[PDB]
């Protein structure tokens, strides 16, 4: 996408104060409890019938950390998010068969967790800067499709 020259700092700045590790485990876990139908892609993760079990399950954390790691090792490469998620979308389309609607759902989920985290410092203007980024990933990942 096209963030400005000020929005570039709003994001880059607070990505440095968010423990992407925990966030990654909270976004993925928060998704699965909120959007139940996605548990179908993680059935080899064990049990996910109760909110607690899911937000405890060590697998979700280990993977969450992976989700947010690429989110970050993708940040800064903004103007070409299409070249950063290539194989990564191939994998999603051909291998996983995920529907891109779900990428907009996750970007939204992560975006709320962050709020729970930086609290008061996650002012409206920062939300609007992340809002465009998460759309950029969300649409980059939906690239190699049909």
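Residue numbers count along the first chain shown, from 1.
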Legend entry - Higher-B stretch (mean Cα B-factor, as the entry records it), 120 to 128 or 12 to 20: 12 to 20
Inset, instruction - Select between 31 to 39 and 79 to 87 the stretch whose C-alpha atoms have the higher average B-factor in the entry. - result: 79 to 87
Legend entry - Candidate residues 60, 105, 96, 67, the one whose C-alpha B factor the record puts highest: 60
Inset, instruction - Tell me, lowest, middle or highest third: where does the Cα B factor of residue 142 rank within its chain? - result: middle
